[PDB]
Amino acid sequence: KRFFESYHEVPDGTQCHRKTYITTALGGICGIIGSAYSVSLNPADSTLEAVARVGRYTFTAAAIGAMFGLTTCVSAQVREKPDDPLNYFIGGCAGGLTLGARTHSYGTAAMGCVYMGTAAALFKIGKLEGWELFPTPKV
Amino acid sequence: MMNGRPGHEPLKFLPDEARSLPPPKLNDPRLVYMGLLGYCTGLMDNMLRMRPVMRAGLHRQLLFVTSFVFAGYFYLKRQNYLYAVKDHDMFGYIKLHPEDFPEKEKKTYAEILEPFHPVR
Amino acid sequence: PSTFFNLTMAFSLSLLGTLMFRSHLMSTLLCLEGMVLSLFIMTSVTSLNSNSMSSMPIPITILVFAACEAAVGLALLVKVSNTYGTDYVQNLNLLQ
Amino acid sequence: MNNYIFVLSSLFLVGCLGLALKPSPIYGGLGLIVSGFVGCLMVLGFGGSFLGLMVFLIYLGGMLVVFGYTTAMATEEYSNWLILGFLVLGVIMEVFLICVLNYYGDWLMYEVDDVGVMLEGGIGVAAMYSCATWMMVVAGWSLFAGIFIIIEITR
Amino acid sequence: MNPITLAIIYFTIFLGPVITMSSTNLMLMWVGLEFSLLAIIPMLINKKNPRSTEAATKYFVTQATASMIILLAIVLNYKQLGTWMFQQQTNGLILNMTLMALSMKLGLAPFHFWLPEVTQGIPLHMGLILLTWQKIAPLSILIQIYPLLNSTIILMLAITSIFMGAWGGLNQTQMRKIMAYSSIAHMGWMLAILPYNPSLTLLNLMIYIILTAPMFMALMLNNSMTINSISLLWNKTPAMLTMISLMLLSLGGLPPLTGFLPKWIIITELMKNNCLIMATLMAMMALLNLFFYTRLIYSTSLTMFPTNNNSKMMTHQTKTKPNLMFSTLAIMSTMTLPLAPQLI
Amino acid sequence: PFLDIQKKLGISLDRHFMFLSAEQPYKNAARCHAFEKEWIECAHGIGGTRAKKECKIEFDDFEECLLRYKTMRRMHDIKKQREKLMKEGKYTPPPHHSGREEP
Amino acid sequence: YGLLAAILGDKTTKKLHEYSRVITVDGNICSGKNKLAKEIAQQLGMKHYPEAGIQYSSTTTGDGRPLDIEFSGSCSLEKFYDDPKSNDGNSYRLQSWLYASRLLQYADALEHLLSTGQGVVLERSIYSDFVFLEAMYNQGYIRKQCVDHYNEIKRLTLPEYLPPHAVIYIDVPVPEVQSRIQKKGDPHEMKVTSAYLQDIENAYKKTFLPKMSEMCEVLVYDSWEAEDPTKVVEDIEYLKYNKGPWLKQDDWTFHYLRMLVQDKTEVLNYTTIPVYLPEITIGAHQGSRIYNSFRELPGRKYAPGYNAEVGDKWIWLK
Amino acid sequence: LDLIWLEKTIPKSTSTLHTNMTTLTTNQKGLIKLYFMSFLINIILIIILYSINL
Ligand SMILES: Nc1ncnc2c1ncn2[C@@H]1O[C@H](COP(=O)(O)OP(=O)(O)O)[C@@H](O)[C@H]1O
């Protein structure tokens, strides 16, 4: 776990390699989990068919992970701005686009771009403003 | 929260300590609301059971307006206590642990420079 | 000691079982019971090496409640192979 | 043989493994019987007698007996071999895991009152009748209700 | 049911939650849970229709394995602390088990699959008990142990439930299942504030009970398990159309009605505790719940669906009345908001 | 607990037997009875939030009477290294390990 | 009547006697069953229920004065005959209302049987209604789905009620009935295509009679046996009420059945199921008007006992 | 821009987005095995959520 966290430690826009790798893993992990629920429920017809679906979901998710990581990191270096939430939006923007492609739908890319990017941007803001998620009870 | 307080009455409704608090005036708007809340329950019942809405169960209407209200005085009497305990508890702590709640002294405006953002 | 980790994993292996049906309701009702045995054994074991005699009542209360629990479970099972001629779970898919 | 305890635990684990594989309901019942036997053994190993007996006269007794009865009625159709194979697969994996800590009966009967006269299993559970008198009332109500639940659910 | 049996069962279904609540020895809390499991199964199969046996056999297996997991937590604690009850020291995994298990009996979040299906095959009446007098027991166990449970998991199960409940409800047209789905959702809010202010869980429950109990006795007054069935309410009994309208919008959070308070104070408490991330997302999809509530509103009240001639016949005959509880629980529920300060 | 119908009614059907140091049948004290007392008369009047830091000496000890793991550890080490000393023929059990003794 | 009453006595078990049975007499459009019924009734004091009518429910409820046609579902047997295969489908609406009417009649009959203990002769019953629909579908009168909708209502409601103890039956060949029609002259009843009468009896003969034979006592009578209530009555008193589902009706089982018939709103709960076949549909605008108008009739605007128009008093304390 | 583009983007899209979710989330076999394993997955993830955030 010390791993994933690393993504945040080094300043954004720097060491994109590690960023993309980490982002790709998270997506892939989600892919596995997502495929699992998708196979446990709404099962397949043959073991192979399901192994394929696991692969499909895993790769698609890994891809959205990569492009998000790559776009955000690169957008940063190029723009010479490491804390501009927009960076992430461009990244989320891209991530959605990959999802759209893997689903072969321009429309999905639309919703995907806006919704996904917005979400990622909010993550950046969240980190920038020190928003706390799942907080301990401090009343 | 307020449970676990010293002296807590394990299953009592309103500990006698609540005697010290003023009793709720019977016409307290709230108890009067409960009354109206009640009359309406009564009227509603008549309606759902298809009876003349207002001219029926004039005995029930009374049971309702008088059950809800009865409940109120004795509930409000308590909720009032609970809130009163909350201060007793809150104010006390502010003192017993004074340093944590220190009386700060603000400066007058003459000294405070507040930023001016020109609308223009 | 380790004795406890075997029993605990026995309960998890029995856990993995009840949560993965294999077309036999009876078998499940039988796996479910494998847990109760593992719980009964573990409760009895620690109570015995803690010399906590005040608690031995529990090891048995666990079994008494578990037995009836199973009685109910089997009556449902008999009810099912009276309505569908089998205990097979697939049949239980009307509530979709 | 200090390993005696570990040996038993392993057997128990293996038996539950079989039940886990969900063999024929009858095979499952048989497996549990073996495990229950192992179980009473372990409990007795610690020193508890009455306790060990119970599982025997309750599980090795009717608990599986009715199951058995039951299965005869609702289980008609007999890969068990494959299941047996996976069982061996699990056994070695189980063994492998213990061998993992291998590279990396010492303390039982942790404490005992060498001289004692009224200590023994069952005495504590005998206190269901005195100073624990709420366990057995609730258990009795459980049985007295269970009668009714089963009679209607069968009805 | 031989009235004697009816008594024994009903007593158990009622001794079941009460033992849980009263006792402190967890064991005695477990058997309280066990008795509830045994008592509910007979009533569930009263019609003994093929759907029913399916319902009970699912409810029972889901309930039984969760019961066994709760017992394992108590058995493990007994070794990590001689006590038969969770303490500050309790291993975190020990408590998390209890959360998952108890969240299965209550049916929250990723374990929300059994409830909608058992709510679909049981009568409307036993539906209420299965939804509201069987949630009191497990919640009691959680509320008692709140200081110790994890804020992260609860929140995840909370948010998930809200979403699953909402999304599930949108598609459903069977009423029993619309309610099952709502209960999953409300149950979610309740478990969200448990780690922070248990006292509010007990409000978000009562209000749910004072809202759902009138709503179901409404569904059964005409015994309509279909929206199409509840839509012809205007012909079968016109008066309940007004309150059915407000109670359902009250079940969702719309501001004038009593239903806003639980969501409002839960949001106030979560923001007081700084979860302005979590609280925001919950409130937003909470708005999805009202959409399916209002879609039903449309069919039952705001628009009059066509009815059947044979209905004129049912009008003729005197309609067996709705119990008084409906009224007292419809009004105290649709409009108590002016009295919120005391409620909390 | 959630509804204390027990304290109110004064009955004690569920409290008398929640910890090891509670009355044992025939007055036969259970194991560890020396610590749990010391760890609950300490945490009495002090709530949990403060029964978890300052009354940590008594739980760290009671966590060792029962689990008795540090002992296991120490002893296990003694065993392993003794094996190494025997390995170097440095040590072998004396008649102390095996000899006659008082009643 | 409720568990409370049942718990303390009030058991149908203590109120049943040999003469206490559900006996229906079914025949063609004119089997003289009306006559046989009254007599059998007179014989054992059986409450003789009249055949179910369009306004039987209105006579059942409140004042009992006949309702306006549109208030009673706008059904005409008269129009049934003069306009078969009508565009508006009055014939199916007539049949569906008839099934609801006998459902009310059968339930009222069962309530009298379990409370009083007296038996009941109900002439035609829900059990013997299908023959009209079978003949109507065999003819152009009703279309296939229409049939399915009636069958669905029948399957949903009829099983709950216990079967007729015995089902006295008359038979008079189609020629006979047509001729019998001519004697009581009515333009509408007169124009009933024989084949349709052929289809009605055929169903009893083939479907209804053997169906119930296994379930209840079946006494078929030739016209000659008929018109001799004494003989038929004698035979009923002769048959042994053994075979049938009635054997298992213990007191604790009857209680629930009683509480059903005791609630008319439930008896026909499934008669109003929201299946939208076009003939059955009220329609919201027409249905709302008919309701505002049926609900405004004196004594109907409020529950029985509370409407002052008809002279109810004490409303302010009820 | 009125009608189609400003109705397809904000009002209609949000209409479409969620309906898909319910359809995918609510298309369930109804079989117990499937549902249950999902319980398995959950236990696994929660076990981890605790593990990694130990
Ligand atoms: N399903 C039905 N459809 C049309 N008419 C019916 C139906 N059931 C009963 N009837 C009417 O009932 C009448 C019975 O004939 P009637 O001579 O009045 O009594 P009985 O049948 O005892 O001789 C018939 O004229 C017939 O029109």
# chains A, B, ... in the order shown; residues from 1 in each chain; ligands from 1
$ closest_atom_pairs --of "chain F" --to "chain C" --cutoff "9 Å" --atoms "only C-alpha atoms" --output "JSON lines"
{"residue": "F:17", "atom": "CA", "partner": "C:54", "partner_atom": "CA", "distance": 6.6}
{"residue": "F:18", "atom": "CA", "partner": "C:55", "partner_atom": "CA", "distance": 8.5}
{"residue": "F:19", "atom": "CA", "partner": "C:52", "partner_atom": "CA", "distance": 8.8}
{"residue": "F:20", "atom": "CA", "partner": "C:52", "partner_atom": "CA", "distance": 6.0}
{"residue": "F:21", "atom": "CA", "partner": "C:52", "partner_atom": "CA", "distance": 8.7}
{"residue": "F:22", "atom": "CA", "partner": "C:54", "partner_atom": "CA", "distance": 8.0}
{"residue": "F:23", "atom": "CA", "partner": "C:54", "partner_atom": "CA", "distance": 7.7}
{"residue": "F:24", "atom": "CA", "partner": "C:54", "partner_atom": "CA", "distance": 5.8}
{"residue": "F:25", "atom": "CA", "partner": "C:54", "partner_atom": "CA", "distance": 6.8}
{"residue": "F:28", "atom": "CA", "partner": "C:53", "partner_atom": "CA", "distance": 8.8}
{"residue": "F:29", "atom": "CA", "partner": "C:51", "partner_atom": "CA", "distance": 8.2}
{"residue": "F:30", "atom": "CA", "partner": "C:51", "partner_atom": "CA", "distance": 5.1}
{"residue": "F:31", "atom": "CA", "partner": "C:50", "partner_atom": "CA", "distance": 5.6}
{"residue": "F:32", "atom": "CA", "partner": "C:50", "partner_atom": "CA", "distance": 7.8}
{"residue": "F:66", "atom": "CA", "partner": "C:50", "partner_atom": "CA", "distance": 7.4}
{"residue": "F:67", "atom": "CA", "partner": "C:1", "partner_atom": "CA", "distance": 8.7}
$ select_by_dssp --residues "chain B" --states "alpha helix (DSSP H)" --output "ChimeraX atom specification"
/B:29-48,58-96
$ residues_near_ligand --ligand "ligand 1" --cutoff "8 Å" --atoms "only C-alpha atoms and all ligand atoms" --output "MDAnalysis selection string"
chainID G and resid 27:35 51:52 77:78 80:81 91 94:95 98:99 123 129:133 181 189
$ write_last_selection --atoms "N, CA, C and O atoms" --output "mmCIF file, in the first residue's frame"
data_model
loop_
_atom_site.group_PDB
_atom_site.id
_atom_site.type_symbol
_atom_site.label_atom_id
_atom_site.label_comp_id
_atom_site.auth_asym_id
_atom_site.auth_seq_id
_atom_site.Cartn_x
_atom_site.Cartn_y
_atom_site.Cartn_z
ATOM 1 N N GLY G 27 -78.780 -25.556 -14.482
ATOM 2 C CA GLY G 27 -79.446 -26.056 -15.674
ATOM 3 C C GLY G 27 -79.266 -25.100 -16.833
ATOM 4 O O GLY G 27 -78.469 -24.171 -16.753
ATOM 5 N N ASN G 28 -80.003 -25.315 -17.911
ATOM 6 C CA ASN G 28 -79.875 -24.457 -19.081
ATOM 7 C C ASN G 28 -80.616 -23.161 -18.806
ATOM 8 O O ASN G 28 -81.093 -22.919 -17.692
ATOM 9 N N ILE G 29 -80.731 -22.316 -19.817
ATOM 10 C CA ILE G 29 -81.360 -21.028 -19.595
ATOM 11 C C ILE G 29 -82.731 -21.195 -18.964
ATOM 12 O O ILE G 29 -83.194 -20.335 -18.225
ATOM 13 N N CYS G 30 -83.409 -22.304 -19.221
ATOM 14 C CA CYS G 30 -84.697 -22.508 -18.560
ATOM 15 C C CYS G 30 -84.905 -23.929 -18.111
ATOM 16 O O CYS G 30 -85.638 -24.676 -18.749
ATOM 17 N N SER G 31 -84.296 -24.305 -16.999
ATOM 18 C CA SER G 31 -84.378 -25.687 -16.554
ATOM 19 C C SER G 31 -85.410 -25.896 -15.478
ATOM 20 O O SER G 31 -85.521 -26.985 -14.925
ATOM 21 N N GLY G 32 -86.160 -24.857 -15.160
ATOM 22 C CA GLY G 32 -87.125 -24.965 -14.088
ATOM 23 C C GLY G 32 -86.398 -25.090 -12.772
ATOM 24 O O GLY G 32 -87.000 -25.435 -11.758
ATOM 25 N N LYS G 33 -85.098 -24.823 -12.789
ATOM 26 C CA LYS G 33 -84.301 -24.922 -11.581
ATOM 27 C C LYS G 33 -84.763 -23.922 -10.558
ATOM 28 O O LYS G 33 -84.594 -24.130 -9.361
ATOM 29 N N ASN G 34 -85.349 -22.830 -11.024
ATOM 30 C CA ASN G 34 -85.868 -21.845 -10.102
ATOM 31 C C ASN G 34 -86.857 -22.522 -9.178
ATOM 32 O O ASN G 34 -86.791 -22.352 -7.963
ATOM 33 N N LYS G 35 -87.754 -23.318 -9.741
ATOM 34 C CA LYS G 35 -88.765 -23.983 -8.934
ATOM 35 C C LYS G 35 -88.170 -25.024 -8.010
ATOM 36 O O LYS G 35 -88.443 -25.030 -6.812
ATOM 37 N N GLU G 51 -81.034 -16.562 -8.092
ATOM 38 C CA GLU G 51 -79.941 -16.493 -9.035
ATOM 39 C C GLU G 51 -79.343 -15.106 -8.982
ATOM 40 O O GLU G 51 -80.046 -14.134 -8.718
ATOM 41 N N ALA G 52 -78.046 -15.004 -9.246
ATOM 42 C CA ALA G 52 -77.374 -13.686 -9.166
ATOM 43 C C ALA G 52 -77.861 -12.739 -10.268
ATOM 44 O O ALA G 52 -78.053 -13.206 -11.407
ATOM 45 N N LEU G 77 -78.568 -8.101 -20.022
ATOM 46 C CA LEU G 77 -78.738 -9.424 -20.594
ATOM 47 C C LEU G 77 -79.654 -9.207 -21.760
ATOM 48 O O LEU G 77 -79.531 -9.847 -22.799
ATOM 49 N N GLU G 78 -80.582 -8.282 -21.591
ATOM 50 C CA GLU G 78 -81.485 -7.935 -22.717
ATOM 51 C C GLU G 78 -80.676 -7.580 -23.977
ATOM 52 O O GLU G 78 -80.874 -8.209 -25.030
ATOM 53 N N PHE G 80 -77.660 -8.241 -24.290
ATOM 54 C CA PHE G 80 -76.799 -9.423 -24.582
ATOM 55 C C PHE G 80 -77.360 -10.172 -25.848
ATOM 56 O O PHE G 80 -76.800 -10.119 -26.954
ATOM 57 N N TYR G 81 -78.582 -10.664 -25.649
ATOM 58 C CA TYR G 81 -79.352 -11.250 -26.771
ATOM 59 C C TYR G 81 -79.689 -10.551 -28.093
ATOM 60 O O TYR G 81 -79.489 -11.159 -29.159
ATOM 61 N N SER G 91 -71.870 -7.861 -23.713
ATOM 62 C CA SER G 91 -72.045 -9.285 -23.332
ATOM 63 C C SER G 91 -70.944 -9.721 -22.356
ATOM 64 O O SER G 91 -71.293 -10.328 -21.325
ATOM 65 N N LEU G 94 -71.450 -7.982 -19.172
ATOM 66 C CA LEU G 94 -72.569 -8.676 -18.485
ATOM 67 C C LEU G 94 -72.002 -9.906 -17.764
ATOM 68 O O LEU G 94 -72.253 -10.054 -16.563
ATOM 69 N N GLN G 95 -71.223 -10.720 -18.477
ATOM 70 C CA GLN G 95 -70.668 -11.957 -17.864
ATOM 71 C C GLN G 95 -69.750 -11.666 -16.674
ATOM 72 O O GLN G 95 -69.869 -12.369 -15.654
ATOM 73 N N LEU G 98 -71.730 -10.643 -13.796
ATOM 74 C CA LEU G 98 -72.473 -11.824 -13.293
ATOM 75 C C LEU G 98 -71.546 -12.638 -12.387
ATOM 76 O O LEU G 98 -72.001 -13.065 -11.315
ATOM 77 N N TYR G 99 -70.292 -12.820 -12.800
ATOM 78 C CA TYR G 99 -69.333 -13.619 -11.995
ATOM 79 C C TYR G 99 -69.117 -12.910 -10.658
ATOM 80 O O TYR G 99 -69.075 -13.587 -9.618
ATOM 81 N N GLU G 123 -78.692 -22.192 -6.450
ATOM 82 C CA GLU G 123 -78.905 -22.315 -7.876
ATOM 83 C C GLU G 123 -77.557 -22.341 -8.586
ATOM 84 O O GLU G 123 -76.660 -23.066 -8.174
ATOM 85 N N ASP G 129 -70.632 -21.041 -13.780
ATOM 86 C CA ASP G 129 -70.743 -19.813 -14.616
ATOM 87 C C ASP G 129 -69.982 -20.016 -15.925
ATOM 88 O O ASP G 129 -70.471 -19.541 -16.965
ATOM 89 N N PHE G 130 -68.836 -20.691 -15.877
ATOM 90 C CA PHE G 130 -67.981 -20.861 -17.082
ATOM 91 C C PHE G 130 -68.761 -21.363 -18.306
ATOM 92 O O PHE G 130 -68.324 -21.039 -19.423
ATOM 93 N N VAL G 131 -69.850 -22.114 -18.125
ATOM 94 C CA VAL G 131 -70.533 -22.720 -19.312
ATOM 95 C C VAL G 131 -71.010 -21.542 -20.165
ATOM 96 O O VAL G 131 -70.903 -21.642 -21.400
ATOM 97 N N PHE G 132 -71.502 -20.449 -19.602
ATOM 98 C CA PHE G 132 -71.972 -19.377 -20.484
ATOM 99 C C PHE G 132 -70.813 -18.833 -21.329
ATOM 100 O O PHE G 132 -70.939 -18.739 -22.546
ATOM 101 N N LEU G 133 -69.692 -18.482 -20.704
ATOM 102 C CA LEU G 133 -68.483 -18.053 -21.454
ATOM 103 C C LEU G 133 -67.915 -19.052 -22.462
ATOM 104 O O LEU G 133 -67.499 -18.618 -23.544
ATOM 105 N N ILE G 181 -88.899 -21.539 -23.565
ATOM 106 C CA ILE G 181 -88.758 -20.103 -23.700
ATOM 107 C C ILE G 181 -90.035 -19.526 -24.257
ATOM 108 O O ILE G 181 -90.552 -18.547 -23.751
ATOM 109 N N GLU G 189 -85.080 -12.748 -24.475
ATOM 110 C CA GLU G 189 -84.747 -14.113 -24.126
ATOM 111 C C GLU G 189 -85.077 -14.999 -25.290
ATOM 112 O O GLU G 189 -84.405 -15.998 -25.531
#
$ interface_residues --of "chain C" --to "chain D" --cutoff "8 Å" --atoms "only C-alpha atoms" --output "ChimeraX atom specification"
/C:2-3,6-7,9-10,13-14,16-18,22,24,26-28,30-31,34,37,41,44-45,48-49,53-58,61,64-65,67-68,71-72,74-76,78-79,81,85-87
$ residues_around --residues "residue 13 in chain E" --least-positions-apart "5" --cutoff "9 Å" --atoms "only C-alpha atoms" --output "PDB file with N, CA, C and O atoms, in the first residue's frame"
ATOM      1  N   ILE E   8     -47.173 -18.419  20.582  1.00  0.00           N
ATOM      2  CA  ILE E   8     -45.794 -18.792  20.845  1.00  0.00           C
ATOM      3  C   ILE E   8     -44.889 -18.120  19.843  1.00  0.00           C
ATOM      4  O   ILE E   8     -43.896 -17.504  20.207  1.00  0.00           O
ATOM      5  N   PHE E  35     -33.507 -16.236  18.016  1.00  0.00           N
ATOM      6  CA  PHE E  35     -34.957 -16.456  18.223  1.00  0.00           C
ATOM      7  C   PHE E  35     -35.761 -15.710  17.156  1.00  0.00           C
ATOM      8  O   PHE E  35     -36.784 -16.231  16.686  1.00  0.00           O
ATOM      9  N   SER E  36     -35.269 -14.532  16.761  1.00  0.00           N
ATOM     10  CA  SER E  36     -35.992 -13.722  15.746  1.00  0.00           C
ATOM     11  C   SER E  36     -35.952 -14.556  14.463  1.00  0.00           C
ATOM     12  O   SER E  36     -36.998 -14.659  13.796  1.00  0.00           O
ATOM     13  N   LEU E  37     -34.799 -15.156  14.164  1.00  0.00           N
ATOM     14  CA  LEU E  37     -34.666 -15.935  12.906  1.00  0.00           C
ATOM     15  C   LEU E  37     -35.685 -17.076  12.940  1.00  0.00           C
ATOM     16  O   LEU E  37     -36.430 -17.235  11.955  1.00  0.00           O
ATOM     17  N   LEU E  38     -35.749 -17.807  14.057  1.00  0.00           N
ATOM     18  CA  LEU E  38     -36.659 -18.977  14.134  1.00  0.00           C
ATOM     19  C   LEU E  38     -38.127 -18.553  14.080  1.00  0.00           C
ATOM     20  O   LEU E  38     -38.898 -19.234  13.407  1.00  0.00           O
ATOM     21  N   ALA E  39     -38.488 -17.477  14.781  1.00  0.00           N
ATOM     22  CA  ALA E  39     -39.912 -17.067  14.866  1.00  0.00           C
ATOM     23  C   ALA E  39     -40.424 -16.565  13.514  1.00  0.00           C
ATOM     24  O   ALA E  39     -41.583 -16.864  13.186  1.00  0.00           O
ATOM     25  N   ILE E  40     -39.627 -15.777  12.794  1.00  0.00           N
ATOM     26  CA  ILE E  40     -40.119 -15.161  11.523  1.00  0.00           C
ATOM     27  C   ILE E  40     -40.390 -16.222  10.451  1.00  0.00           C
ATOM     28  O   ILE E  40     -41.387 -16.059   9.727  1.00  0.00           O
ATOM     29  N   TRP E 133     -39.606  -4.578  12.497  1.00  0.00           N
ATOM     30  CA  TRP E 133     -39.423  -5.073  13.855  1.00  0.00           C
ATOM     31  C   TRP E 133     -38.334  -6.096  13.842  1.00  0.00           C
ATOM     32  O   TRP E 133     -38.119  -6.806  14.810  1.00  0.00           O
ATOM     33  N   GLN E 134     -37.635  -6.181  12.733  1.00  0.00           N
ATOM     34  CA  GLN E 134     -36.541  -7.107  12.657  1.00  0.00           C
ATOM     35  C   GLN E 134     -35.296  -6.314  12.387  1.00  0.00           C
ATOM     36  O   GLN E 134     -34.207  -6.868  12.304  1.00  0.00           O
TER      37      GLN E 134
END
$ interface_residues --of "chain E" --to "chain F" --cutoff "6 Å" --atoms "only C-alpha atoms" --output "list in words"
residues 21, 22, 24, 25, 82, 83 and 84 of chain E
$ closest_atom_pairs --of "chain C" --to "chain E" --cutoff "8 Å" --atoms "only C-alpha atoms" --output "tab-separated table"
residue	atom	partner	partner_atom	distance
C:18	CA	E:65	CA	7.5
C:32	CA	E:65	CA	7.1
C:35	CA	E:68	CA	7.4
C:36	CA	E:68	CA	7.3
C:39	CA	E:72	CA	6.6
C:42	CA	E:75	CA	7.4
C:43	CA	E:75	CA	6.0
C:46	CA	E:79	CA	6.5
C:58	CA	E:27	CA	7.7
C:65	CA	E:31	CA	7.4
C:69	CA	E:38	CA	6.7
C:72	CA	E:38	CA	7.0
C:73	CA	E:60	CA	7.1
C:76	CA	E:57	CA	6.1
C:77	CA	E:57	CA	7.6
C:79	CA	E:53	CA	7.1
C:80	CA	E:53	CA	6.7
C:83	CA	E:50	CA	6.9
C:92	CA	E:54	CA	5.6
C:93	CA	E:54	CA	7.6
C:94	CA	E:51	CA	6.3
C:95	CA	E:117	CA	5.7
C:96	CA	E:117	CA	7.0
$ interface_residues --of "chain A" --to "chain H" --cutoff "10 Å" --atoms "only C-alpha atoms" --output "ChimeraX atom specification"
/A:1-2,33,36-43,107-108,110-111
$ residues_around --residues "residue 21 in chain G" --least-positions-apart "4" --cutoff "9 Å" --atoms "only C-alpha atoms" --output "number ranges by chain"
G: 16-17, 46, 113, 117-121, 164-166, 241
$ write_last_selection --atoms "C-alpha atoms" --output "PDB file, in the first residue's frame"
ATOM      1  CA  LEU G  16     -73.333 -27.531  11.603  1.00  0.00           C
ATOM      2  CA  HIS G  17     -75.970 -30.213  11.057  1.00  0.00           C
ATOM      3  CA  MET G  46     -82.410 -24.012   3.493  1.00  0.00           C
ATOM      4  CA  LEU G 113     -73.777 -21.247   6.483  1.00  0.00           C
ATOM      5  CA  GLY G 117     -75.485 -23.083  10.505  1.00  0.00           C
ATOM      6  CA  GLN G 118     -78.379 -23.249   8.102  1.00  0.00           C
ATOM      7  CA  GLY G 119     -77.601 -24.692   4.695  1.00  0.00           C
ATOM      8  CA  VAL G 120     -77.839 -22.826   1.413  1.00  0.00           C
ATOM      9  CA  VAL G 121     -79.250 -23.539  -2.026  1.00  0.00           C
ATOM     10  CA  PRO G 164     -70.496 -27.015  -3.428  1.00  0.00           C
ATOM     11  CA  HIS G 165     -71.333 -29.994  -1.204  1.00  0.00           C
ATOM     12  CA  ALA G 166     -73.530 -31.463  -3.927  1.00  0.00           C
ATOM     13  CA  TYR G 241     -71.690 -36.180   2.032  1.00  0.00           C
TER      14      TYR G 241
END
